[PDB]
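Participant: The structure's right below; bear with me while I get my questions together.
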Amino acid sequence: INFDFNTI
Amino acid sequence: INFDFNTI
Amino acid sequence: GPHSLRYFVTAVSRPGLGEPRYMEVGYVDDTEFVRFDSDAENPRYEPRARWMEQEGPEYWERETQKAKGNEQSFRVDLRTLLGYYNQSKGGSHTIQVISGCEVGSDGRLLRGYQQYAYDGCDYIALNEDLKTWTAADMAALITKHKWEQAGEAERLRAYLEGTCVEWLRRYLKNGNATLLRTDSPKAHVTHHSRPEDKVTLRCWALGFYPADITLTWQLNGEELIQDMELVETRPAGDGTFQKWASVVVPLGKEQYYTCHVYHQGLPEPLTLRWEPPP
Amino acid sequence: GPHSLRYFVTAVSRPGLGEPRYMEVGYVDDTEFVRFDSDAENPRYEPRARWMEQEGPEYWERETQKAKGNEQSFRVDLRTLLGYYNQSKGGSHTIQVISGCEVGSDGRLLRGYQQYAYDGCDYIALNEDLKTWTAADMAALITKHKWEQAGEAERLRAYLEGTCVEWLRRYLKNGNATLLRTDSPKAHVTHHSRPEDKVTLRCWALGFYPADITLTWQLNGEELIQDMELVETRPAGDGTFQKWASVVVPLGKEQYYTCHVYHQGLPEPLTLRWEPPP
Amino acid sequence: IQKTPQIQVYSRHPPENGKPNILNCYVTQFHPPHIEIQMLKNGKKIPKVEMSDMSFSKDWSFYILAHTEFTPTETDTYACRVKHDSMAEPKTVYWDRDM
Amino acid sequence: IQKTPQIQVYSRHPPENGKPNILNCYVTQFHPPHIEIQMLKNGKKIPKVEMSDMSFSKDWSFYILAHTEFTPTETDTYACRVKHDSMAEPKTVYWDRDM
């Protein structure tokens, strides 16, 4: 499964 | 890296 | 050998034409196994390796919703980067991420990574240590301090050292611990005219998997890399790949040259020469 | 061997054409590695060798900021020198500085220096003791006073013994691989028929690097030096250098002369003779 | 920071005149990902050309395979035409069955 | 105190008639830094001429390299022309294949 991304 | 110059 | 779980992310703005295109593609050892594409009729996480059909509807429902949430982050990233780089709201821009882990044959992590790119240029990257970031320009510097402040690297680290690793093993299970499916290359040489006291010998490697292969031309034991023409390996479109290497030789010395094909599916590398049809 | 880090600084006024043109160029062992030019689109410090791309955005930012500060110092310097020599407001003038350190193989400062010039003439230089200033003329004495008492001898000594030496080591580290490259000259002799009775033999050295080279002609053991024509060593434009040395000799005696090519890239000096072409 | 597409045109199976085959146009090493690919028979557009999904590689550049069903003959010329912003003009690469 | 430009005009590679090459014009030993350099083909100004960045050396004098793409033939004349405060007239230096 993928990472939960936050914003740059 | 270069020198920081003051004046003449 | 070693093993990998990588996710490749793409978000691309297209001013005027609608909302950002958003894609998530997963890979187990270079093999694509899931994919999300926000331009699909019904945007959901979809299996791409038939061995993924093992997972329950919850998996798909929950990774779909994860994709949707990622889409929002990247869509906001796009907006943020227009601010950082003083770029127009009317232009088309691209964010890419490659994120993943490589675990060893023993099942231990050998390397976690996460790399960002903006319009095709490195933007920011997590270091070997899983603790610090490497910014590539002034804009990425702003990202690096925000994430250092938020401790984002500790949270990414936990994913890479744990979640990523466990599902890697898990996916390796379903897709067989080290799925080296293998089609060895079928090779042959063709013969073609050149400004006419010269001829071209072309060595073909066909129907092979996986993509990794090496062809060489030898003259009396030596490898002719200067003067060999090579094409980049290419998909036949059916799951297998093709390659060729050619060499220009004097008319009448065709039998002085040998082609060598090396591939993990070959017990022994292939040796071949031009054969005038018997 | 020994090593050097030097900055070459240029400020050129141009009343009637806008603001002073300002440039910094850094050299590691006579190899340009960074440059700032106030006339470029978006002026900032730039890498000039591929091995500088290692330094991240913090480095580029900080050195750009210091360039922009140096520029102001030097703009003010131009005005001040206009008056020190009571010159007109509409004339163009140049200030140059050479500044940096040469260090021994042991890593110890073999000598620090900082030379200024006005309109191509020496203005002031710092002494091989990093303490005193050799002024070259009139108003350079004023300057020397100011840097003596007002205490700039200390700030510059520590840059030169500390900061300068420290960064030189680092650049070599990243550099090394490329810095130490050496291309040996390819050489040959050409023949040119002269004011009738005589001929010119010209010894060429091509494709070599670095620029350091020596060419001589010999007539049976003895060197002609006091009698060759020779051109200044010149760039090929691709990163290598060219030179030739020529001598006038009697027709039919070409085979009595030998050309010698000395270059650190050479196992042994090259020795060559004119050859009647195939 | 645009990247110019590289292109190969080639069939899936060894070409034999009169025998149905697949013709490929494999486009790589390009950025940004927007791209238009046409396939042509004797200078005329082929209508039904399939596009694979777009993927990208470790160097960030994109790649894609376009393909269409064809029956090679002795004289029919086939080509692939690619329009991309890296390039002043649309680029055309002709099928050579020996390649 | 002003310094007079020195000039050499030479090709990057061994001149071969009809073979694309690079013609250089290397200007050294000059001060002040302002200088105008043109490359000429048969007395006429060549428009596509690139200029390196300017450096100066240990004696304070400036140097720069100008170069242009060209293809020598048996009869074309090449030259480099330099205008500079240190001189009353523009100084033209002709390309010599053996220098």
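Note on naming: chains are A, B, ... as they come in the structure tokens, residues start from 1 per chain, ligands start from 1 in the order shown.
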I want to know what sits within 12 Å of residue 9 of chain E, based on only C-alpha atoms, with residues of the same chain fewer than 4 positions away left out; could you give that as a PyMOL selection string?

Facilitator: (chain C and resi 231-232+234-236) or (chain E and resi 22-28+37-40+65-68+77-82+92-99)

Participant: Any chance you could dump chain C, least-squares fitted to chain D on all C-alpha atoms in order, as a CSV table (one decimal) with C-alpha atoms, in the first residue's frame?

Facilitator:
chain,number,residue,atom,x,y,z
C,1,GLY,CA,51.5,18.8,-5.4
C,2,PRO,CA,50.4,22.2,-4.2
C,3,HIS,CA,46.8,23.6,-4.5
C,4,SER,CA,45.1,26.9,-4.9
C,5,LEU,CA,41.8,28.7,-4.3
C,6,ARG,CA,41.7,32.1,-6.1
C,7,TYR,CA,38.9,34.6,-6.6
C,8,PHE,CA,39.3,37.1,-9.5
C,9,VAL,CA,37.1,40.2,-9.1
C,10,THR,CA,36.3,42.8,-11.7
C,11,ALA,CA,34.1,45.9,-11.4
C,12,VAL,CA,34.0,48.3,-14.3
C,13,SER,CA,32.1,51.6,-14.5
C,14,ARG,CA,30.5,52.6,-17.8
C,15,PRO,CA,29.2,56.2,-17.4
C,16,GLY,CA,25.9,56.6,-19.3
C,17,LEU,CA,25.6,52.9,-20.2
C,18,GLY,CA,24.2,51.8,-16.8
C,19,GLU,CA,25.4,50.5,-13.5
C,20,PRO,CA,28.9,49.1,-13.0
C,21,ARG,CA,29.6,45.7,-14.5
C,22,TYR,CA,30.5,43.3,-11.6
C,23,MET,CA,32.1,39.9,-11.9
C,24,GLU,CA,33.4,37.3,-9.4
C,25,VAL,CA,35.1,34.2,-10.8
C,26,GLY,CA,36.5,31.4,-8.6
C,27,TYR,CA,39.4,29.0,-9.4
C,28,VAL,CA,40.6,25.7,-8.0
C,29,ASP,CA,44.1,25.3,-9.4
C,30,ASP,CA,43.5,27.4,-12.5
C,31,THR,CA,40.2,25.6,-13.0
C,32,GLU,CA,37.2,28.0,-13.0
C,33,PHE,CA,34.4,26.6,-10.7
C,34,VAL,CA,32.0,29.4,-9.8
C,35,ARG,CA,31.1,32.7,-11.5
C,36,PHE,CA,28.8,35.6,-10.8
C,37,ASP,CA,28.1,38.3,-13.5
C,38,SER,CA,25.8,41.2,-12.6
C,39,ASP,CA,25.0,41.6,-16.3
C,40,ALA,CA,23.2,38.2,-16.4
C,41,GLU,CA,19.4,38.1,-16.7
C,42,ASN,CA,19.2,36.6,-13.2
C,43,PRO,CA,22.3,37.6,-11.2
C,44,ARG,CA,23.3,34.6,-9.1
C,45,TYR,CA,26.3,32.5,-8.2
C,46,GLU,CA,26.4,29.8,-10.8
C,47,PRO,CA,28.4,26.5,-10.9
C,48,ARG,CA,31.0,26.3,-13.6
C,49,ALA,CA,32.7,23.0,-12.7
C,50,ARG,CA,30.0,20.3,-12.8
C,51,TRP,CA,31.5,18.9,-9.6
C,52,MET,CA,30.1,22.0,-7.9
C,53,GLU,CA,26.6,20.6,-8.4
C,54,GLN,CA,27.3,18.8,-5.1
C,55,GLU,CA,26.5,21.9,-3.0
C,56,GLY,CA,23.0,22.6,-1.5
C,57,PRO,CA,20.8,25.5,-2.5
C,58,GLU,CA,21.8,27.3,0.6
C,59,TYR,CA,25.4,27.5,-0.6
C,60,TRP,CA,24.3,29.3,-3.8
C,61,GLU,CA,21.8,31.5,-2.1
C,62,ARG,CA,24.4,32.6,0.5
C,63,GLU,CA,27.3,33.2,-2.0
C,64,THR,CA,24.9,35.0,-4.3
C,65,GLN,CA,24.0,37.4,-1.5
C,66,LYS,CA,27.7,37.7,-0.8
C,67,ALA,CA,28.4,38.7,-4.4
C,68,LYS,CA,25.6,41.3,-4.3
C,69,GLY,CA,27.2,42.8,-1.2
C,70,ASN,CA,30.6,42.8,-2.7
C,71,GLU,CA,29.1,44.5,-5.8
C,72,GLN,CA,28.1,47.4,-3.5
C,73,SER,CA,31.5,47.7,-2.0
C,74,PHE,CA,33.2,47.8,-5.4
C,75,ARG,CA,30.6,50.2,-6.8
C,76,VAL,CA,31.5,52.5,-3.9
C,77,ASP,CA,35.2,51.9,-4.5
C,78,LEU,CA,34.7,53.1,-8.0
C,79,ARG,CA,33.3,56.4,-6.7
C,80,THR,CA,35.9,56.7,-4.1
C,81,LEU,CA,38.7,56.3,-6.5
C,82,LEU,CA,37.4,59.2,-8.7
C,83,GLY,CA,37.8,61.3,-5.6
C,84,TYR,CA,41.3,60.0,-4.8
C,85,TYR,CA,42.6,60.4,-8.4
C,86,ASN,CA,40.7,63.6,-9.3
C,87,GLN,CA,39.1,61.8,-12.3
C,88,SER,CA,35.9,62.7,-14.1
C,89,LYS,CA,32.6,61.1,-13.3
C,90,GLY,CA,32.1,60.6,-17.1
C,91,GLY,CA,34.9,58.1,-17.7
C,92,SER,CA,35.2,54.3,-17.7
C,93,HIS,CA,37.3,52.7,-14.9
C,94,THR,CA,38.2,49.3,-13.8
C,95,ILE,CA,38.9,47.7,-10.4
C,96,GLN,CA,40.4,44.2,-10.2
C,97,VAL,CA,41.2,41.9,-7.3
C,98,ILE,CA,42.9,38.6,-7.1
C,99,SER,CA,42.3,37.0,-3.8
C,100,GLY,CA,43.3,33.6,-2.5
C,101,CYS,CA,45.4,31.0,-0.7
C,102,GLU,CA,47.8,28.3,-1.7
C,103,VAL,CA,47.9,25.3,0.6
C,104,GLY,CA,50.4,22.5,0.5
C,105,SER,CA,50.2,18.8,-0.1
C,106,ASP,CA,49.9,18.4,3.7
C,107,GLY,CA,46.9,20.8,3.7
C,108,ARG,CA,48.8,23.7,5.4
C,109,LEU,CA,48.8,27.3,4.1
C,110,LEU,CA,51.8,28.2,2.0
C,111,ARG,CA,50.7,31.7,1.1
C,112,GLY,CA,47.7,34.0,1.5
C,113,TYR,CA,47.3,37.0,-0.8
C,114,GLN,CA,45.0,39.8,-1.9
C,115,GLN,CA,46.0,42.2,-4.7
C,116,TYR,CA,44.1,45.2,-6.0
C,117,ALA,CA,44.5,47.0,-9.4
C,118,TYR,CA,43.0,50.2,-10.8
C,119,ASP,CA,42.9,50.8,-14.5
C,120,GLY,CA,45.2,47.9,-14.9
C,121,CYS,CA,47.9,49.2,-12.5
C,122,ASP,CA,48.8,47.7,-9.1
C,123,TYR,CA,47.0,49.7,-6.4
C,124,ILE,CA,47.5,47.9,-3.1
C,125,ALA,CA,48.5,44.5,-1.9
C,126,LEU,CA,48.7,42.4,1.4
C,127,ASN,CA,52.2,41.2,2.2
C,128,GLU,CA,53.5,37.6,2.7
C,129,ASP,CA,53.1,38.1,6.5
C,130,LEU,CA,49.3,38.7,6.2
C,131,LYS,CA,49.7,41.7,8.5
C,132,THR,CA,50.7,44.7,6.4
C,133,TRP,CA,49.9,46.4,3.1
C,134,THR,CA,52.0,47.6,0.2
C,135,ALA,CA,50.6,50.8,-1.4
C,136,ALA,CA,51.7,51.5,-5.0
C,137,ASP,CA,51.0,55.3,-5.1
C,138,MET,CA,49.7,58.2,-3.0
C,139,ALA,CA,46.0,57.2,-3.4
C,140,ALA,CA,46.7,53.6,-2.2
C,141,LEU,CA,48.4,55.2,0.8
C,142,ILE,CA,45.1,56.5,2.0
C,143,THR,CA,43.6,53.0,1.7
C,144,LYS,CA,46.5,51.5,3.6
C,145,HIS,CA,46.1,53.8,6.6
C,146,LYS,CA,42.3,53.4,6.7
C,147,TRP,CA,42.8,49.5,6.7
C,148,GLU,CA,45.6,49.7,9.3
C,149,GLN,CA,43.3,51.8,11.5
C,150,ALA,CA,40.4,49.4,11.0
C,151,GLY,CA,42.7,46.3,11.4
C,152,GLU,CA,41.3,45.0,8.1
C,153,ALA,CA,44.4,42.8,7.7
C,154,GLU,CA,43.6,40.8,10.8
C,155,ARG,CA,40.1,40.1,9.4
C,156,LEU,CA,41.5,39.2,5.9
C,157,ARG,CA,44.1,37.0,7.6
C,158,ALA,CA,41.4,35.0,9.4
C,159,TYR,CA,39.7,34.4,6.1
C,160,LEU,CA,42.9,33.3,4.4
C,161,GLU,CA,44.2,31.2,7.2
C,162,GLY,CA,40.9,29.5,7.9
C,163,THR,CA,37.8,29.9,5.7
C,164,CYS,CA,39.8,29.9,2.5
C,165,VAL,CA,41.8,26.9,3.5
C,166,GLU,CA,38.9,24.8,4.7
C,167,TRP,CA,36.8,25.3,1.6
C,168,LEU,CA,39.9,24.8,-0.6
C,169,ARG,CA,40.2,21.3,1.0
C,170,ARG,CA,36.5,20.9,0.8
C,171,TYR,CA,36.4,21.8,-3.0
C,172,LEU,CA,39.4,19.6,-3.6
C,173,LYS,CA,37.3,16.8,-2.0
C,174,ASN,CA,34.4,17.1,-4.5
C,175,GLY,CA,36.7,17.9,-7.4
C,176,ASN,CA,39.0,15.1,-6.4
C,177,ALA,CA,42.2,15.8,-4.3
C,178,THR,CA,44.4,17.1,-7.1
C,179,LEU,CA,42.2,16.7,-10.2
C,180,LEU,CA,44.9,16.2,-12.7
C,181,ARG,CA,42.7,15.3,-15.6
C,182,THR,CA,45.1,14.8,-18.5
C,183,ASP,CA,45.2,14.8,-22.3
C,184,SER,CA,48.7,14.3,-23.6
C,185,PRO,CA,49.7,16.2,-26.7
C,186,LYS,CA,49.3,14.7,-30.2
C,187,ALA,CA,52.3,16.1,-32.1
C,188,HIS,CA,53.4,16.3,-35.8
C,189,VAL,CA,55.6,18.4,-38.0
C,190,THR,CA,54.5,20.3,-41.2
C,191,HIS,CA,56.7,21.5,-44.0
C,192,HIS,CA,56.3,25.0,-45.7
C,193,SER,CA,58.2,27.0,-48.3
C,194,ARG,CA,60.5,29.9,-47.6
C,195,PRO,CA,62.4,32.4,-49.8
C,196,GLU,CA,63.1,29.4,-51.8
C,197,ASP,CA,66.4,27.9,-50.6
C,198,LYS,CA,64.9,27.9,-47.1
C,199,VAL,CA,62.1,25.9,-45.6
C,200,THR,CA,60.0,26.2,-42.4
C,201,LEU,CA,59.4,23.2,-40.2
C,202,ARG,CA,56.5,23.7,-37.8
C,203,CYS,CA,56.0,21.4,-34.8
C,204,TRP,CA,52.4,21.1,-33.7
C,205,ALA,CA,51.1,20.1,-30.3
C,206,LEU,CA,47.4,19.5,-30.3
C,207,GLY,CA,44.5,18.6,-28.0
C,208,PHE,CA,46.4,18.9,-24.8
C,209,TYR,CA,45.5,19.6,-21.2
C,210,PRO,CA,46.5,21.4,-19.1
C,211,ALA,CA,47.9,24.5,-20.9
C,212,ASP,CA,51.5,24.0,-19.6
C,213,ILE,CA,53.7,22.6,-22.4
C,214,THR,CA,57.1,23.2,-23.9
C,215,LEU,CA,58.2,22.7,-27.5
C,216,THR,CA,61.8,23.0,-28.6
C,217,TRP,CA,63.7,22.5,-31.9
C,218,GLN,CA,67.1,20.9,-31.6
C,219,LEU,CA,70.0,20.9,-34.1
C,220,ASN,CA,72.6,18.3,-33.2
C,221,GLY,CA,71.5,18.1,-29.6
C,222,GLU,CA,71.4,21.9,-29.2
C,223,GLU,CA,68.2,23.9,-28.5
C,224,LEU,CA,67.6,26.7,-31.0
C,225,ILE,CA,65.7,29.4,-29.1
C,226,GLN,CA,67.2,32.1,-31.3
C,227,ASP,CA,65.4,31.8,-34.6
C,228,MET,CA,62.5,29.6,-33.3
C,229,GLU,CA,59.1,31.1,-33.8
C,230,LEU,CA,56.6,30.3,-31.0
C,231,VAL,CA,53.0,31.1,-30.6
C,232,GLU,CA,51.4,31.6,-27.3
C,233,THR,CA,49.4,28.6,-26.2
C,234,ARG,CA,45.7,28.9,-27.2
C,235,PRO,CA,42.4,27.1,-26.5
C,236,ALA,CA,40.8,25.0,-29.2
C,237,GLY,CA,37.5,26.1,-27.6
C,238,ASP,CA,36.7,22.5,-26.5
C,239,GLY,CA,38.7,22.3,-23.2
C,240,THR,CA,42.0,21.5,-24.8
C,241,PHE,CA,44.9,23.7,-26.0
C,242,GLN,CA,47.3,24.0,-29.0
C,243,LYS,CA,50.8,25.2,-29.6
C,244,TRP,CA,53.5,25.3,-32.3
C,245,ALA,CA,57.1,26.2,-32.7
C,246,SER,CA,58.8,26.6,-36.1
C,247,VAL,CA,62.3,26.8,-37.4
C,248,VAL,CA,63.7,28.0,-40.7
C,249,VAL,CA,66.2,25.6,-42.1
C,250,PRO,CA,68.2,25.1,-45.4
C,251,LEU,CA,66.4,23.2,-48.1
C,252,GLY,CA,67.5,19.6,-47.8
C,253,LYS,CA,68.6,19.5,-44.2
C,254,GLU,CA,65.2,18.8,-42.7
C,255,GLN,CA,66.3,15.5,-41.2
C,256,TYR,CA,69.0,17.3,-39.2
C,257,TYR,CA,66.5,18.9,-37.0
C,258,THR,CA,64.3,17.4,-34.2
C,259,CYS,CA,61.3,18.7,-32.3
C,260,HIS,CA,60.8,18.0,-28.6
C,261,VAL,CA,57.4,18.1,-26.8
C,262,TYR,CA,57.3,18.1,-22.9
C,263,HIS,CA,54.1,17.7,-21.0
C,264,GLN,CA,52.9,16.3,-17.7
C,265,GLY,CA,50.7,13.8,-19.6
C,266,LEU,CA,53.6,12.3,-21.4
C,267,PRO,CA,55.4,9.3,-19.8
C,268,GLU,CA,58.4,10.3,-21.9
C,269,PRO,CA,58.8,13.6,-23.9
C,270,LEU,CA,58.0,13.2,-27.6
C,271,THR,CA,60.8,13.3,-30.2
C,272,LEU,CA,59.8,13.9,-33.9
C,273,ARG,CA,61.2,14.8,-37.2
C,274,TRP,CA,59.8,15.9,-40.6
C,275,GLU,CA,58.5,12.9,-42.4
C,276,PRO,CA,58.1,12.9,-46.2
C,277,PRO,CA,54.9,10.9,-46.6
C,278,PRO,CA,55.9,7.3,-47.3

Participant: Where in segment 110-239 of chain C does DSSP assign helix (DSSP H, G or I), given as a VMD selection string?

Facilitator: chain C and resid 138 to 150 152 to 174

Participant: Do me a favour and pick out the residues of chain E within 9 Å of chain C, using only C-alpha atoms, as a ChimeraX atom specification.

Facilitator: /E:1-3,8,10-13,22,24,26,31-33,52,55-61,65,67,98-99

Participant: Work out how far atom CA of residue 35 of chain E is from atom CA of residue 2 of chain A, in Å to one decimal.

Facilitator: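 Here the two named atoms are 27.8 Å from each other.
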
Participant: Could you produce a table of the residues of chain B lying within 6 Å of chain D, with the nearest pair of atoms per residue and their separation in Å rounded to one decimal, using only C-alpha atoms, ordered by chain and increasing residue number, as CSV?

Facilitator:
residue,atom,partner,partner_atom,distance
B:5,CA,D:70,CA,5.5
B:6,CA,D:73,CA,5.6
B:7,CA,D:73,CA,5.2
B:8,CA,D:143,CA,5.4

Participant: How would the residues just chosen look if you wrote them out with C-alpha atoms as a tab-separated table (two decimals), in the first residue's frame?

Facilitator:
chain	number	residue	atom	x	y	z
B	5	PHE	CA	34.91	42.99	0.96
B	6	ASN	CA	34.60	46.30	2.70
B	7	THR	CA	35.65	49.45	0.84
B	8	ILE	CA	38.77	51.47	-0.02

Participant: What separation in Å, quoted to one decimal, exists between atom CA of residue 36 of chain F and atom CA of residue 90 of chain F?

Facilitator: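 Spanning atom CA of residue 36 of chain F to atom CA of residue 90 of chain F is a straight-line distance of 9.2 Å.
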
Participant: Taking the DSSP secondary structure from the backbone, can you list the residues of segment 49-92 of chain F that are strand (DSSP E), as a list in words?

Facilitator: residues 50, 51, 55, 56, 62, 63, 64, 65, 66, 67, 68, 69, 70, 78, 79, 80, 81, 82, 83, 91 and 92 of chain F

Participant: Export N, CA and C atoms of the chosen residues as a PDB file, in the first residue's frame?

Facilitator:
ATOM      1  N   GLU F  50      29.900  33.317 -31.508  1.00  0.00           N
ATOM      2  CA  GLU F  50      29.728  33.180 -30.060  1.00  0.00           C
ATOM      3  C   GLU F  50      30.960  33.693 -29.335  1.00  0.00           C
ATOM      4  N   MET F  51      30.732  34.213 -28.137  1.00  0.00           N
ATOM      5  CA  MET F  51      31.785  34.775 -27.329  1.00  0.00           C
ATOM      6  C   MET F  51      31.879  34.057 -26.003  1.00  0.00           C
ATOM      7  N   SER F  55      37.790  36.695 -18.985  1.00  0.00           N
ATOM      8  CA  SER F  55      38.632  36.519 -17.815  1.00  0.00           C
ATOM      9  C   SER F  55      39.790  37.510 -17.877  1.00  0.00           C
ATOM     10  N   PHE F  56      40.484  37.670 -16.759  1.00  0.00           N
ATOM     11  CA  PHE F  56      41.745  38.392 -16.771  1.00  0.00           C
ATOM     12  C   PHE F  56      42.828  37.574 -16.096  1.00  0.00           C
ATOM     13  N   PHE F  62      43.096  41.350 -19.830  1.00  0.00           N
ATOM     14  CA  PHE F  62      41.931  40.552 -20.159  1.00  0.00           C
ATOM     15  C   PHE F  62      42.178  39.658 -21.349  1.00  0.00           C
ATOM     16  N   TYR F  63      41.373  38.593 -21.434  1.00  0.00           N
ATOM     17  CA  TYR F  63      41.371  37.692 -22.563  1.00  0.00           C
ATOM     18  C   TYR F  63      39.992  37.081 -22.740  1.00  0.00           C
ATOM     19  N   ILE F  64      39.642  36.820 -23.987  1.00  0.00           N
ATOM     20  CA  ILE F  64      38.351  36.282 -24.325  1.00  0.00           C
ATOM     21  C   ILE F  64      38.575  35.450 -25.577  1.00  0.00           C
ATOM     22  N   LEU F  65      37.708  34.466 -25.803  1.00  0.00           N
ATOM     23  CA  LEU F  65      37.717  33.662 -27.013  1.00  0.00           C
ATOM     24  C   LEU F  65      36.413  33.829 -27.838  1.00  0.00           C
ATOM     25  N   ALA F  66      36.536  34.174 -29.117  1.00  0.00           N
ATOM     26  CA  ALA F  66      35.395  34.206 -30.048  1.00  0.00           C
ATOM     27  C   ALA F  66      35.517  33.036 -31.000  1.00  0.00           C
ATOM     28  N   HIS F  67      34.402  32.443 -31.387  1.00  0.00           N
ATOM     29  CA  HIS F  67      34.442  31.303 -32.314  1.00  0.00           C
ATOM     30  C   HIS F  67      33.189  31.221 -33.149  1.00  0.00           C
ATOM     31  N   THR F  68      33.279  30.567 -34.284  1.00  0.00           N
ATOM     32  CA  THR F  68      32.150  30.509 -35.179  1.00  0.00           C
ATOM     33  C   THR F  68      32.216  29.178 -35.922  1.00  0.00           C
ATOM     34  N   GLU F  69      31.062  28.599 -36.238  1.00  0.00           N
ATOM     35  CA  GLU F  69      31.039  27.402 -37.070  1.00  0.00           C
ATOM     36  C   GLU F  69      31.443  27.781 -38.494  1.00  0.00           C
ATOM     37  N   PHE F  70      32.239  26.952 -39.148  1.00  0.00           N
ATOM     38  CA  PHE F  70      32.585  27.221 -40.543  1.00  0.00           C
ATOM     39  C   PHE F  70      33.109  25.972 -41.247  1.00  0.00           C
ATOM     40  N   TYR F  78      39.291  34.112 -44.327  1.00  0.00           N
ATOM     41  CA  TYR F  78      38.727  34.383 -43.021  1.00  0.00           C
ATOM     42  C   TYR F  78      39.636  35.322 -42.258  1.00  0.00           C
ATOM     43  N   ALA F  79      39.038  36.094 -41.363  1.00  0.00           N
ATOM     44  CA  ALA F  79      39.773  37.078 -40.610  1.00  0.00           C
ATOM     45  C   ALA F  79      39.002  37.418 -39.357  1.00  0.00           C
ATOM     46  N   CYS F  80      39.702  38.025 -38.411  1.00  0.00           N
ATOM     47  CA  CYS F  80      39.083  38.450 -37.184  1.00  0.00           C
ATOM     48  C   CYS F  80      39.471  39.901 -37.035  1.00  0.00           C
ATOM     49  N   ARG F  81      38.497  40.746 -36.713  1.00  0.00           N
ATOM     50  CA  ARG F  81      38.729  42.181 -36.593  1.00  0.00           C
ATOM     51  C   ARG F  81      38.419  42.674 -35.206  1.00  0.00           C
ATOM     52  N   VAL F  82      39.326  43.444 -34.637  1.00  0.00           N
ATOM     53  CA  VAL F  82      39.197  43.875 -33.256  1.00  0.00           C
ATOM     54  C   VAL F  82      39.301  45.386 -33.162  1.00  0.00           C
ATOM     55  N   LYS F  83      38.342  46.003 -32.477  1.00  0.00           N
ATOM     56  CA  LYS F  83      38.386  47.427 -32.185  1.00  0.00           C
ATOM     57  C   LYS F  83      38.582  47.595 -30.698  1.00  0.00           C
ATOM     58  N   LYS F  91      41.977  46.508 -35.986  1.00  0.00           N
ATOM     59  CA  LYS F  91      43.073  45.649 -36.405  1.00  0.00           C
ATOM     60  C   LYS F  91      42.486  44.346 -36.914  1.00  0.00           C
ATOM     61  N   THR F  92      42.777  44.027 -38.166  1.00  0.00           N
ATOM     62  CA  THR F  92      42.277  42.814 -38.780  1.00  0.00           C
ATOM     63  C   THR F  92      43.412  41.792 -38.857  1.00  0.00           C
TER      64      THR F  92
END

Participant: Tell me, in Å to one decimal, how far atom CA of residue 29 of chain E is from atom CA of residue 42 of chain E.

Facilitator: 26.9 Å
